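*Asks:* Here it is, the structure, as structure tokens.
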There are 2 protein chains.
Amino acid sequence: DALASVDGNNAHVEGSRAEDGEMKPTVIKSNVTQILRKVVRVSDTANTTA
Amino acid sequence: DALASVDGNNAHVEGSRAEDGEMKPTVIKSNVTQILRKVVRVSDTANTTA
């Protein structure tokens with residue numbers, strides 16, 4: 001979402017305090033990563049069963 | 001070396017981490033070497049005679 005060329009108005013004479021952009025870029029976003037786990041532990045006695 | 005003493009009461013359940021164990025060392029023996037000697041002394045005269 002840079003869109004530094006919004007319609008607005010249009011009038012310039014190549015100078016006279018040019019629009020002097022306001023650092024439209026570096027609006028970077030971010031997010032985190034989740035971790036999921038689970039165990040399938042096998043009982044000690046109820047093991048090796050058919 | 002000598003094997004361990006029979007226990008016979010090995011009824012470990014499935015849900016046990018672990019147990020101990022008797023690891024006997026190798027017993028060592030030893031002896032000594034004897035030195036035997038037999039000497040002989042005969043005159044060259046007798047050695048030459050027949």
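Convention: chains lettered A, B, ... in structure tokens order; per-chain residue numbering from 1; ligands numbered from 1 as shown.
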Would you mind listing, as an mmCIF file with N, CA and C atoms, in the first residue's frame, all residues of chain A that have at least one atom within 12 Å of chain B, where only C-alpha atoms are what counts?
*Replies:*
```
data_model
loop_
_atom_site.group_PDB
_atom_site.id
_atom_site.type_symbol
_atom_site.label_atom_id
_atom_site.label_comp_id
_atom_site.auth_asym_id
_atom_site.auth_seq_id
_atom_site.Cartn_x
_atom_site.Cartn_y
_atom_site.Cartn_z
ATOM 1 N N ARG A 41 3.381 -40.639 23.874
ATOM 2 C CA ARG A 41 3.999 -41.538 24.842
ATOM 3 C C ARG A 41 3.229 -42.848 24.943
ATOM 4 N N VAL A 42 3.973 -43.948 25.047
ATOM 5 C CA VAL A 42 3.409 -45.289 25.146
ATOM 6 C C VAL A 42 3.556 -45.762 26.584
ATOM 7 N N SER A 43 2.491 -46.348 27.124
ATOM 8 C CA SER A 43 2.515 -46.841 28.492
ATOM 9 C C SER A 43 3.634 -47.864 28.675
ATOM 10 N N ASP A 44 4.019 -48.073 29.938
ATOM 11 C CA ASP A 44 5.103 -49.001 30.245
ATOM 12 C C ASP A 44 4.640 -50.451 30.180
ATOM 13 N N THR A 45 3.522 -50.774 30.831
ATOM 14 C CA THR A 45 3.020 -52.142 30.850
ATOM 15 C C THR A 45 2.113 -52.450 29.668
ATOM 16 N N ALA A 46 1.164 -51.566 29.356
ATOM 17 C CA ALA A 46 0.274 -51.756 28.210
ATOM 18 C C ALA A 46 1.029 -51.381 26.935
ATOM 19 N N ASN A 47 1.996 -52.230 26.595
ATOM 20 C CA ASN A 47 2.850 -52.027 25.436
ATOM 21 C C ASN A 47 3.149 -53.377 24.802
ATOM 22 N N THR A 48 3.513 -53.338 23.521
ATOM 23 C CA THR A 48 3.839 -54.548 22.768
ATOM 24 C C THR A 48 2.648 -55.503 22.724
ATOM 25 N N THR A 49 1.452 -54.943 22.554
ATOM 26 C CA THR A 49 0.218 -55.716 22.537
ATOM 27 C C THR A 49 -0.285 -55.880 21.109
#
```
*Asks:* Leaving out region 1-6 of chain A and any residue of its chain fewer than 3 positions from it, which residues lie within 10 Å of it when counting only C-alpha atoms, given as JSON, numbers by chain?
*Replies:* {"A": [9, 10, 21, 22, 23, 24, 25, 26, 27, 28]}
*Asks:* Cα-based RMSD, chain B fitted onto chain A, all atoms paired in sequence order: value?
*Replies:*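 So the superposition leaves a C-alpha RMSD of 3.5 Å.
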*Asks:* How many Å separate CA of residue 40 (chain A) from CA of residue 19 (chain B)?
*Replies:*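 So the two atoms, CA of residue 40 (chain A) and CA of residue 19 (chain B), lie 23.8 Å apart.
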*Asks:* Could you write out, as a ChimeraX atom specification, all the residues of chain B that DSSP marks as helix (DSSP H, G or I)?
*Replies:* /B:44-48
